[PDB]
Asker: 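What follows is a structure written as structure tokens; I'll ask about it next.
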2 protein chains.
Amino acid sequence: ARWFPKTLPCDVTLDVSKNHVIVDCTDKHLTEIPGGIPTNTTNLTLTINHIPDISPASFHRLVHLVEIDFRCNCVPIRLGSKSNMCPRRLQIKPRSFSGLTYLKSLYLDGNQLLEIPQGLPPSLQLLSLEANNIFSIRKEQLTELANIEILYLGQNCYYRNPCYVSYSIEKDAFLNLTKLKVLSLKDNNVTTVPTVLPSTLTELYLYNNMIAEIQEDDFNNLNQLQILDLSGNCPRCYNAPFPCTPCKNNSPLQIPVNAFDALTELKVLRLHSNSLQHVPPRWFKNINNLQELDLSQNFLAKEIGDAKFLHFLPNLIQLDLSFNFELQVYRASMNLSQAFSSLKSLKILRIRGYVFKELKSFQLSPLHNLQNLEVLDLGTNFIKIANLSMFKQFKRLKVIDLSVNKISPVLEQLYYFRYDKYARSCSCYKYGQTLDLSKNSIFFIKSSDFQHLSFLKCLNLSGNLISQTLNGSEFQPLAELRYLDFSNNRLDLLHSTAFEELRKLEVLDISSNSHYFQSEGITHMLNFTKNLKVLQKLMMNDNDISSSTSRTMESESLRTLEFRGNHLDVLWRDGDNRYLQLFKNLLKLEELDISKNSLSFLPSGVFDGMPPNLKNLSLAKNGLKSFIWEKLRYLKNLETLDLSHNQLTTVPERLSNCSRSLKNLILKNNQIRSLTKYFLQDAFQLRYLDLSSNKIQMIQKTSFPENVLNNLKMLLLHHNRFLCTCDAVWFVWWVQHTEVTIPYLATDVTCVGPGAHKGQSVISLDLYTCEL
Amino acid sequence: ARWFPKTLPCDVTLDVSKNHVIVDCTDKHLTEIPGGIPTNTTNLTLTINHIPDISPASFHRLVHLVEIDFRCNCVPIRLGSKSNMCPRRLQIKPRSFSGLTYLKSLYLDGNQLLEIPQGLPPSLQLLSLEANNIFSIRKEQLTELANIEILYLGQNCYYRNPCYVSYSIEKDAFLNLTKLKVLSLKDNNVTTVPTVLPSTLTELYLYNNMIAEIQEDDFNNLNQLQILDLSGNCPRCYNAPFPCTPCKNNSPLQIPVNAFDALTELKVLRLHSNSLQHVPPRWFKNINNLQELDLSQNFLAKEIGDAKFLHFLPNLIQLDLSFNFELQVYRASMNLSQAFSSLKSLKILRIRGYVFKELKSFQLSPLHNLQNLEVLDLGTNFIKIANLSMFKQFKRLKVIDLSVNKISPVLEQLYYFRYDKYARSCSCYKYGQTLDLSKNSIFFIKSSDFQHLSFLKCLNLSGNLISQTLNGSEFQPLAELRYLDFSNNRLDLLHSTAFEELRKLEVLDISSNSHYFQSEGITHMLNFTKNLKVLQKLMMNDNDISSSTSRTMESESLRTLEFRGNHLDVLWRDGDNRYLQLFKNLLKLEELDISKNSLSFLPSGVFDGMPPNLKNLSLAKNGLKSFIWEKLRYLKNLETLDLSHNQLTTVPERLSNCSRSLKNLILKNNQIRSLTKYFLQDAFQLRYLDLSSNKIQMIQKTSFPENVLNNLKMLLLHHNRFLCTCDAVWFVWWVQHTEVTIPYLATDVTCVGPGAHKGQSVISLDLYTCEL
Ligand SMILES: CCOc1nc(N)c2nc(-c3cncc(F)c3)n(Cc3ccc(CN4C[C@@H]5C[C@H]4CN5C)cc3)c2n1
Ligand SMILES: CCOc1nc(N)c2nc(-c3cncc(F)c3)n(Cc3ccc(CN4C[C@@H]5C[C@H]4CN5C)cc3)c2n1
Ligand SMILES: *[C@@H]1O[C@H](CO)[C@@H](O[C@@H]2O[C@H](CO)[C@@H](O)[C@H](O)[C@H]2NC(C)=O)[C@H](O)[C@H]1NC(C)=O
Ligand SMILES: *[C@@H]1O[C@H](CO)[C@@H](O[C@@H]2O[C@H](CO)[C@@H](O)[C@H](O)[C@H]2NC(C)=O)[C@H](O)[C@H]1NC(C)=O
Ligand SMILES: *[C@@H]1O[C@H](CO)[C@@H](O)[C@H](O)[C@H]1NC(C)=O
Ligand SMILES: *[C@@H]1O[C@H](CO)[C@@H](O)[C@H](O)[C@H]1NC(C)=O
Ligand SMILES: *[C@@H]1O[C@H](CO)[C@@H](O)[C@H](O)[C@H]1NC(C)=O
Ligand SMILES: *[C@@H]1O[C@H](CO)[C@@H](O)[C@H](O)[C@H]1NC(C)=O
Ligand SMILES: *[C@@H]1O[C@H](CO)[C@@H](O)[C@H](O)[C@H]1NC(C)=O
Ligand SMILES: *[C@@H]1O[C@H](CO)[C@@H](O)[C@H](O)[C@H]1NC(C)=O
Ligand SMILES: *[C@@H]1O[C@H](CO)[C@@H](O)[C@H](O)[C@H]1NC(C)=O
Ligand SMILES: *[C@@H]1O[C@H](CO)[C@@H](O)[C@H](O)[C@H]1NC(C)=O
Ligand SMILES: *[C@@H]1O[C@H](CO)[C@@H](O)[C@H](O)[C@H]1NC(C)=O
Ligand SMILES: *[C@@H]1O[C@H](CO)[C@@H](O)[C@H](O)[C@H]1NC(C)=O
Ligand SMILES: *[C@@H]1O[C@H](CO)[C@@H](O)[C@H](O)[C@H]1NC(C)=O
């Protein structure tokens with residue numbers, strides 16, 4: 001169907017609309033730029049290869065290049081692979097870029113460049129050189145960047161990439177860059193705010209450096225600036241998960257009361273981890289459009305009880321005061337000043353790590369009339385006592401986050417403590433008001449705990465110590481709850497009435513409640529689903545279920561059931577019939593996940609026991625060694641069948657005879673060593689076939705008739721054991737000229753033999769000697 | 001060093017003392033008995049193969065045979081492989097066994113035999129036919145077994161192997177078996193005790209059948225009988241994890257009060273799961289040597305409060321009353337009759353599954369002066385309340401097991417519910433007094449909870465809900481405790497004084513306490529070990545540890561540290577120096593397990609940081625892709641290094657030059673494709689080398705100097721990718737003629753090629769074509 005196979009080990013994409021021809025050679029194990037990149041090419045990406053040099057030959061004919069992404073061909077030793085270290089830094093010849101008169105972006109991050117490449121074209125707007133070894137910026141070396149708008153110079157001198165000296169910036173070095181809009185000098189061992197900066201700046205990033213003092217003429221001319229980040233200068237180093245040296249005498253970063261007076265257009269000010277003990281109100285008189293303020297990881301515990309500066313922040317949308325506890329203090333309560341009530345625009349308020357024992361309703365009084373307050377995040381505070389009913393006054397909020405506390409009767413997992421949360425590399429909220437009580441110490445629950453909280457749409461009890469026999473009496477106020485996360489508890493299904501009070505329950509997660517399922521003789525009423533008339537999705541993963549008092553689960557509403565990580569192999573012990581219909585009366589079940597169930601075989605009758613409308617069935621990761629494909633005829637609405645990561649050695653003789661409906665067949669990571677002679681014959685609804693990571697040596701046209709292959713949206717065959725003899729002539733030819741999508745022709749569709757062709761990719765194979 | 005290689009795919013062993021030449025071909029995928037079995041063979045095992053028939057040729061010359069183990073060559077389909085089902089039942093030709101004049105044991109279990117094989121020689125003493133299809137026993141078919149003493153006929157008719165009729169035993173079928181001592185007819189659909197049985201019987205197994213009544217004279221002549229098992233006739237079927245049919249009206253097994261009057265010699269009486277509601281004292285009038293009584297899984301709850309039959313059991317050693325609770329009752333307390341006090345020889349009392357809310361001290365008073373009580377087992381009782389100090393009156397006991405209860409302020413896992421716990425296939429007690437509180441609902445602890453338990457040597461709190469900051473005040477009475485299992489809790493190491501109260505603690509398990517290590521910003525004092533001056537072994541597996549407030553763990557006593565399943569990869573982030581000596585001041589550490597720590601490379605300084613007496617180091621299952629072997633010289637006492645299940649591709653050029661001490665090198669399950677030219681040269685300390693499951697094609701003699709091979713206790717080479725060309729001539733000759741121990745030369749030391757030799761064993765390879 002193609003006259004000319006593409007040998008090029010890169011994805012080539014066309015945007016005729018944006019007149020962009022995108023060549024992506026990310027991570028293709030290249031040691032030189034490939035030959036034959038399309039002449040018209042605009043976007044060329046070579047990230048994560050081992051190309052040792054750039055020279056005028058490199059970009060060649062590619063005079064239409066508007067972006068070169070040549071990152072991480074020589075990553076700093078502590079940041080890159082230690083099994084494939086880069087031996088000598090990237091070498092950039094003179095004259096390598098001067099010819100590309102249209103070049104608008106040059107990414108050279110992570111190549112151990114010692115100096116800024118020069119001879120760059122006047123079209124250049126973005127220059128990225130993060131994670132190199134450039135720690136002296138001289139103004140003459142920036143002449144070439146007259147038109148530059150975004151300059152990334154960070155991470156050239158920090159603990160993961162040390163330069164052992166201070167960062168040096170010549171006076172006024174960036175001033176004649178009259179179009180510079182974003183300047184990043186983060187993670188650089190900078191000692192002073194470089195002056196004078198061009199007034200064009202909208203974004204200035206100076207965080208995680210060694211700046212101890214702000215002079216007040218540092219930001220005199222930054223009247224266009226919108227983002228200022230001074231975080232991590234004089235860091236608060238307690239439990240730092242990276243090497244951290246605070247400023248001497250525990251000094252804060254010193255910012256004169258008026259250093260921000262020119263920042264008329266400042267929208268976000270990040271002063272995270274500056275060891276601040278006060279926030280002088282005078283900082284903020286001339287910014288009255290500030291919307292985002294980060295004051296986390298300082299020493300502002302008492303300042304939180306005062307905070308006169310809040311009165312000057314009426315347009316503030318986000319305010320972060322997390323981790324300001326003073327070391328070794330366990331406050332009894334939270335003293336929030338009334339000044340918080342003047343934060344009329346406030347949508348996001350986060351105060352993690354204040355560390356106090358009791359939260360009572362009055363201490364949140366300053367927030368009672370913040371009419372757009374959407375998120376109150378009080379996590380990681382070791383609160384032991386809280387009347388949950390106090391949150392009736394916050395029916396308005398979208399998320400009340402008490403995660404990680406000690407109560408008893410989405411941000412990254414390393415977020416507040418990560419060194420550079422913005423470092424570049426080479427959930428039930430949608431249902432409505434959410435109260436997150438996850439990772440707490442609630443050992444018992446009763447309906448009263450939730451009085452005056454009827455409005456809740458999603459409730460998170462994940463990771464508590466709830467080990468009680470739910471009989472439908474524990475959650476009665478929560479008449480609108482649609483989502484209950486009950487995972488990582490010890491649910492005791494003694495009563496088939498568990499959870500039935502939640503009459504609008506749509507999603508129930510009782511995954512990882514294996515405690516009681518792991519001990520013999522305990523009763524488990526699995527048919528409790530009969531009572532949740534609205535339930536749509538039930539997750540009971542990793543429960544170790546191997547016995548059930550009830551022989552059938554019943555639901556008229558349930559569409560998806562996650563039953564992964566249990567012991568259906570024991571429930572379906574060969575000879576025991578009693579549970580072969582456990583799922584039959586889930587009448588609108590469309591998706592069943594029973595991967596990870598040790599099902600080395602499926603008893604006869606499992607398929608007949610499946611509910612009538614099943615579309616998507618996962619039997620992955622079961623150690624399946626045999627499979628009676630013919631019993632798929634019982635699965636009359638089956639469209640996706642996932643047999644990945646098993647021990648299957650054969651495919652059916654006639655897939656067409658096993659199902660008239662199957663669309664997506666996933667057979668990756670099995671032991672298949674060859675296909676049956678007429679495998680796919682007349683399988684006209686087959687659309688997706690993953691056979692990757694098997695042991696296939698040959699594929700003849702008998703098994704892959706082209707009138708079924710050619711309607712495949714995708715066809716995965718990488719990581720097999722292909723034998724590229726003259727007997728393979730049709731498969732090699734078909735792989736070379738098909739329009740069907742086959743991922744990884746470059747890196748993993750390969751001959752294992754014979755000898756001559758070993759490790760050679762099938763797409764590059766010349767089999768002319770088979771035709772003499 | 002051998003002139004004649006052993007090609008036979010079976011382990012051949014010699015016992016010169018007992019004149020046993022044992023040939024073990026268990027599970028060698030045999031389709032016929034291998035050729036060349038030694039003529040002297042006495043013990044031949046062919047279990048789990050696919051040998052389709054036995055005929056006189058089978059053993060033709062093996063006339064010294066004393067035992068043939070020919071089990072599971074045709075397992076019943078519901079019991080056996082579905083991927084390699086047996087197609088046709090085993091066929092035994094006439095006269096196949098009559099020649100083996102010394103045959104004393106014949107195992108033919110699991111071959112779908114239709115009839116008792118005939119022609120057996122009169123030497124035969126043991127005959128096993130479990131899991132066949134022989135369900136009609138006729139007196140004529142047993143004449144041949146005149147000298148028989150042990151007869152296994154069970155599992156020929158039950159739910160995993162159905163015969164669809166009742167078992168038939170001809171009247172007096174076994175009477176003329178004048179030497180029969182063991183008769184087993186378990187799992188057979190037997191309906192009546194077969195009569196008359198020979199009076200030689202010492203053991204009779206009739207369990208899991210359909211016997212509803214014992215006749216008064218069924219055991220009249222069994223005056224030599226020692227073990228009677230009538231369990232599972234009229235089963236109690238509640239929560240049965242197998243198909244279970246009770247007797248009509250849930251009636252008990254009916255046993256006349258005088259049925260045991262001849263069993264003067266009975267030591268073991270098993271009446272498990274017989275739906276008994278009373279135990280008539282009259283049963284035990286003439287049994288005065290009973291030592292073991294199993295009364296579990298009945299309806300004897302009320303009887304436990306009465307139990308006049310105990311007065312007739314002064315020699316009883318074990319009594320099991322487990323799982324006798326009445327359905328739908330949650331008794332408030334346990335009523336044990338005062339008659340328990342007449343059980344003076346009692347060593348083991350098990351009453352699981354009585355189901356009561358409170359255990360108070362007065363209720364165990366019938367046991368206070370049982371002077372040989374060693375084990376009291378009260379697990380799986382849903383006890384909600386128990387004052388632990390009551391066990392001061394049981395200092396004499398070895399194990400107090402309150403496991404799997406609901407207390408708050410070694411047996412099989414399926415044991416009382418297993419169908420046939422004796423079905424045949426084809427820990428801190430040693431420290432002293434043990435109180436097992438594992439799998440309970442103890443969320444908070446304090447010193448008084450253990451008042452008057454100063455004697456305890458081991459405490460199991462595994463799997464409770466303890467989520468508190470231990471500061472060394474919680475265990476203060478436990479002055480003699482040597483072992484604390486604290487696994488599966490939520491340990492909070494805020495204080496480095498945790499556990500210091502346990503001043504004689506030798507083994508501490510805090511594995512699987514990952515909860516608080518999973519949230520950022522929490523303080524974890526890993527140096528709490530300085531305070532335990534006798535601690536020998538610390539397990540902290542699977543805690544997900546990735547951050548630590550203390551930089552060094554300190555101990556003067558610790559020998560073993562299990563640190564598996566954590567995130568040393570994060571702690572030792574490349575560029576972060578601070579934790580590279582975390583184990584350095586554990587001065588007597590001899591064993592470190594830091595497997596499963598995501599260590600894809602080891603930062604420089606890890607080996608230098610290791611404590612000075614480290615002998616045994618596991619870095620298994622880390623995704624290790626590179627390894628600087630030379631740094632092993634920092635481990636001056638290294639003897640065992642485990643690098644198994646990683647991604648290593650090369651071995652060092654000279655292992656001897658990397659370590660002067662290394663004895664055991666485990667490199668299994670890596671990506672090694674070849675050995676260095678002088679790999680093992682002068683490695684005079686090497687004793688054990690595992691190179692199995694790699695990708696090795698060739699091994700030359702330079703790499704395996706024979707003055708090093710001859711000091712190997714073992715050398716594992718199976719499952720590589722050996723290439724049996726003429727270039728392999730030395731390795732094929734050496735494997736065939738060496739005396740070094742190599743497991744699986746028969747089964748998994750195999751050629752992948754070239755062509756002719758694929759799948760062929762190296763030991764069988766004839767390379768004369770390489771010498772013409
Ligand atoms: C024996 C194996 O079955 C099993 N399986 C479990 N999963 C389970 N859980 C608990 C449990 C215990 N205590 C606190 C909890 F939160 C849970 N129990 C004990 C129990 C036994 C019977 C009854 C029946 N009710 C008591 C009665 C009769 C009915 C109403 N009357 C007051 C209630 C509880 C369990 N027993
Ligand atoms: C977030 C910082 O790190 C961290 N790490 C943990 N692991 C942790 N655990 C708890 C905890 C709380 N309450 C119940 C529990 F069972 C555990 N807290 C809160 C806390 C913080 C400080 C102090 C120290 N105070 C100063 C003293 C001694 C004590 C009282 N005196 C005034 C005590 C408790 C924790 N805080
Ligand atoms: C940041 O700058 C400081 C000071 O310029 C560097 O510290 C010097 O490092 C060398 C080599 O370790 C020492 O001999 C000097 O005494 C250090 N000077 C001071 C003042 O400490 C430091 O290495 C730089 N940091 C990084 C990550 O490169
Ligand atoms: C044990 O014996 C009973 C009868 O003694 C067998 O039950 C018969 O099975 C056939 C086929 O399943 C039925 O058509 C009969 O109605 C059954 N008879 C009775 C009285 O139930 C039973 O199959 C045997 N059990 C096993 C495991 O083989
Ligand atoms: C291609 O490069 C241009 C110029 O840097 C950029 O604006 C555009 O978004 C890129 N498009 C793609 C698909 O990479
Ligand atoms: C509930 O909290 C847990 C634990 O923090 C989290 O993993 C999970 O995603 C939350 N549930 C939802 C539905 O977001
Ligand atoms: C269910 O059990 C709870 C205790 O968890 C109890 O308070 C309640 O009365 C019970 N509900 C019913 C309907 O029996
Ligand atoms: C579930 O099945 C059990 C049978 O053991 C029955 O007692 C109970 O009423 C059933 N409950 C529901 C909700 O179907
Ligand atoms: C060999 O067979 C005899 C006869 O049954 C048996 O007593 C002995 O234990 C067997 N020895 C071994 C090592 O299998
Ligand atoms: C438990 O009994 C002991 C006597 O051994 C007594 O000292 C203690 O007060 C009792 N504790 C409780 C909670 O009843
Ligand atoms: C403690 O109990 C648990 C669970 O019952 C068990 O796995 C563990 O082996 C026990 N600990 C010891 C030291 O035997
Ligand atoms: C240790 O903490 C416990 C609470 O777990 C408290 O009762 C006790 O007073 C504390 N003792 C010391 C010495 O800090
Ligand atoms: C553990 O190390 C910490 C370091 O912060 C120290 O404060 C504490 O006293 C140490 N504890 C012990 C028992 O050595
Ligand atoms: C080394 O340690 C492992 C446990 O991690 C143990 O299985 C093995 O026997 C030890 N080897 C020696 C020689 O002590
Ligand atoms: C390794 O070999 C070199 C060269 O013989 C030698 O100088 C060095 O001492 C050796 N190291 C060890 C630890 O044997």
Side-chain angles (χ1 to χ4, degrees), chain A residues 238-239 322-323 325-332 352-357 380-385 404-408 416-417 441 443-444 466-471 474 490-495 498 515-517 519-525 547 549, chain B residues 238-239 323-332 352-358 380-385 404-408 417 441 443-444 466-471 474 490-495 498 515-517 519-525 547 549 629-634 636 652-662 682-683:
Chain A
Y238 190 59
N239 283 328
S322 297
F323 295 109
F325 68 97
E326 94 160 76
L327 287 98
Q328 306 317 327
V329 183
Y330 197 3
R331 269 162 165 283
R352 309 207 161 144
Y354 184 103
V355 192
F356 61 108
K357 316 201 205 172
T380 308
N381 268 310
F382 296 92
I383 303 148
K384 290 165 139 199
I385 288 156
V404 189
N405 276 286
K406 296 254 190 184
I407 304 169
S408 50
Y416 286 109
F417 281 82
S441 288
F443 50 82
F444 186 84
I466 302 158
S467 147
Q468 142 201 23
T469 38
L470 303 174
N471 59 11
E474 290 81 5
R490 301 170 157 195
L491 162 81
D492 187 352
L493 280 177
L494 168 64
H495 305 117
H515 180 94
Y516 284 99
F517 290 109
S519 294
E520 72 178 342
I522 288 156
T523 285
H524 317 108
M525 297 304 330
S547 63
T549 292
Chain B
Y238 194 60
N239 285 327
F323 288 104
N324 278 291
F325 71 83
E326 204 40 80
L327 279 101
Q328 309 320 320
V329 183
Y330 196 1
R331 271 162 169 281
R352 310 217 267 247
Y354 184 99
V355 193
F356 60 108
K357 315 201 204 173
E358 306 187 13
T380 311
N381 267 309
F382 294 93
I383 302 150
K384 293 162 142 267
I385 287 158
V404 185
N405 276 290
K406 297 204 88 109
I407 303 170
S408 50
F417 284 82
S441 286
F443 51 94
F444 188 83
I466 302 156
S467 40
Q468 81 188 81
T469 43
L470 306 175
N471 59 8
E474 293 81 6
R490 300 174 158 195
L491 165 80
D492 190 352
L493 281 174
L494 172 65
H495 307 303
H515 188 253
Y516 288 112
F517 295 103
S519 294
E520 74 181 345
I522 289 155
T523 283
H524 315 109
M525 296 302 174
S547 67
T549 289
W629 290 87
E630 276 66 23
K631 309 266 214 183
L632 292 175
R633 321 165 163 151
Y634 287 106
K636 277 151 164 270
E653 290 287 1
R654 282 186 310 114
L655 175 73
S656 66
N657 181 246
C658 305
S659 158
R660 303 180 141 106
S661 45
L662 175 68
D682 305 319

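Atoms within each ligand, like the ligands themselves, are counted from 1 in listed order. Every chain is numbered from 1, with letters handed out A, B, ... down the list of sequences. Hydrogens, waters and symmetry mates are skipped; everything else that's a heavy atom, side chains included, is used.
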Asker: Counting only heavy atoms, which portion of A:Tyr516 has something under 4.0 Å from ligand 1: side chain, backbone, both, or neither?
Answerer: neither

Asker: Treating B:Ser441 as the side-chain partner and B:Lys406 as the backbone partner, does any N or O pair qualify as donor plus acceptor under 3.5 Å?
Answerer: no

Asker: Minimum heavy-atom separation for B:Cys658 to B:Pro652, with atom names?
Answerer: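 For B:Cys658 versus B:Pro652, the nearest heavy atoms are SG-CB, 3.7 Å.
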
Asker: Does B:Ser547 form a side chain to side chain contact (heavy atoms under 4.5 Å, CB included) with B:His524? I'd like the steps, not just the answer.
Answerer: CA-CA 8 Å; B:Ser547 67; B:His524 315 109; 3.7 Å; yes

Asker: Closest approach of B:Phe356 and B:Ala332, non-hydrogen atoms and distance?
Answerer: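 Of all heavy-atom pairs spanning B:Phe356 and B:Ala332, the closest is CB-C, 4.3 Å.
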
Asker: Would you mind checking which non-hydrogen protein atom is closest to atom 33 (C) of ligand 1, with the distance to 0.1 Å?
Answerer: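 Its nearest protein heavy-atom neighbour is A:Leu494 CD2, 3.5 Å.
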
Asker: Can you tell me the protein heavy atom closest to atom 3 (C) of ligand 15 and the distance?
Answerer: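 Ranked first by proximity to atom 3 (C) of ligand 15 is B:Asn657 ND2, 3.7 Å.
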
Asker: Tell me which protein heavy atom sits closest to atom 9 (O) of ligand 15, plus the residue, atom name and distance to 0.1 Å.
Answerer: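 For atom 9 (O) of ligand 15, the nearest protein heavy atom is B:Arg660 NH2, 4.7 Å.
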
Asker: Indicate whether atom 11 (N) of ligand 15 is within a distance of less than 4.0 angstrom of some protein heavy atom.
Answerer: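 For atom 11 (N) of ligand 15 the answer is yes, since some protein heavy atom falls inside 4.0 Å.
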
Asker: If the contact criterion is a heavy-atom separation under 4.0 Å, does A:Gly353 count as touching ligand 2?
Answerer: no

Asker: So, the side chain of A:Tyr330 versus the backbone of A:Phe382: is there a donor-acceptor pair under 3.5 Å, distance only?
Answerer: yes

Asker: Which heavy atom of A:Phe443 sits nearest a heavy atom of A:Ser408, and at what distance?
Answerer: CE2-CB, 3.9 Å

Asker: Distance under 4.0 Å to a non-hydrogen atom of B:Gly521: what atoms of ligand 2 satisfy this?
Answerer: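 Near B:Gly521, meaning under 4.0 Å from one of its heavy atoms, ligand 2 has 1 (C), 2 (C), 3 (O).
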
Asker: Heavy atoms, side chains only, cut-off 4.5 Å: are B:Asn239 and A:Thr549 in contact?
Answerer: yes

Asker: Indicate whether atom 28 (C) of ligand 2 is within a distance of less than 4.0 angstrom of some protein heavy atom.
Answerer: no

Asker: Do B:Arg633 side-chain atoms and B:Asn657 backbone N/O form a donor-acceptor pair below 3.5 Å?
Answerer: yes

Asker: Which atoms of ligand 1 are found less than 4.0 Å from any heavy atom of B:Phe325?
Answerer: 1 (C)

Asker: Which atoms form the tightest heavy-atom contact between B:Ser659 and B:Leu662, and what is the distance?
Answerer: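 The pair with the smallest heavy-atom distance is OG-N, 3.0 Å.
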
Asker: Just distances here: any N/O of B:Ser656 and N/O of ligand 15 closer than 3.5 Å?
Answerer: no

Asker: In the protein, what heavy atom is nearest to atom 18 (N) of ligand 1, and what distance, to one decimal place, separates them?
Answerer: B:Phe382 CD2, 3.4 Å

Asker: Only heavy atoms of B:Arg654, strictly under 4.0 Å: list the atoms of ligand 15 that pass.
Answerer: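 Ligand 15 atoms under the 4.0 Å threshold to B:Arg654: 2 (O).
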
Asker: Specify the protein heavy atom at minimum distance from atom 21 (C) of ligand 1: its residue, its atom name, and the distance to 0.1 Å.
Answerer: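 Among all protein heavy atoms, the one nearest atom 21 (C) of ligand 1 is B:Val355 CG1, 3.8 Å.
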
Asker: Which of the listed options, A:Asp492, A:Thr469, B:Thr380, A:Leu470, holds the heavy atom that is closest to atom 7 (N) of ligand 1?
Answerer: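 It is A:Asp492 whose heavy atom sits nearest to atom 7 (N) of ligand 1.
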
Asker: Between B:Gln328, B:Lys384, A:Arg490, which one has a non-hydrogen atom sitting closest to atom 24 (C) of ligand 1?
Answerer: B:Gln328

Asker: Given 3.5 Å as the limit, does a donor-acceptor pair link the side chain of A:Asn405 with the main chain of A:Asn381, or not?
Answerer: yes

Asker: Heavy-atom distance under 4.5 Å between the side chains of A:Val355 and A:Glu326, does that happen here?
Answerer: no

Asker: Are any of the N or O atoms of B:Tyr330 closer than 3.5 Å to those of ligand 1?
Answerer: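 N/O-N/O distance below 3.5 Å exists for this pair.
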
Asker: With a 4.0 Å heavy-atom cut-off (strictly under), which part of B:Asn239 contacts ligand 1: side chain, backbone, both or neither?
Answerer: neither

Asker: Taking the six-membered ring for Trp and the full ring for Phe, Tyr or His, determine whether the centres of A:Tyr238 and A:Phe323 are under 6.0 Å apart.
Answerer: no

Asker: How about B:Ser467 and B:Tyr516: do any of their side-chain heavy atoms sit closer than 4.5 Å?
Answerer: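 SC-SC contact between B:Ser467 and B:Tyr516 confirmed.
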
Asker: Give me the residue, atom name and distance of the protein heavy atom closest to atom 13 (C) of ligand 15.
Answerer: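 Checked against all protein heavy atoms, atom 13 (C) of ligand 15 sits closest to B:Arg633 NE, 3.5 Å.
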
Asker: Could you work out, for atom 3 (O) of ligand 2, the closest of A:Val404, A:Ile383, B:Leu491, B:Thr523 by heavy-atom distance?
Answerer: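 Ranked by closest heavy atom to atom 3 (O) of ligand 2, first place is B:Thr523.
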
Asker: Protein heavy atoms: any of them under 4.0 Å from atom 35 (C) of ligand 1?
Answerer: yes

Asker: Pairs of nitrogen or oxygen atoms closer than 3.5 Å, one from B:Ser467 and one from ligand 2: do any exist?
Answerer: no

Asker: Taking a cutoff of less than 4.0 Å between a non-hydrogen atom of the residue and any ligand atom, is B:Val329 in contact with ligand 1?
Answerer: yes

Asker: Specify whether the nearest protein heavy atom to atom 13 (N) of ligand 1 is under 4.0 angstrom away.
Answerer: yes

Asker: Check B:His495 against B:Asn471 and note the closest heavy-atom contact, atom names and distance.
Answerer: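 Smallest heavy-atom distance, with atoms named: CD2-CB, 3.6 Å.
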
Asker: Is ligand 1 under 4.0 Å from a heavy atom in the side chain of B:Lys406, in the backbone, in both, or in neither?
Answerer: side chain

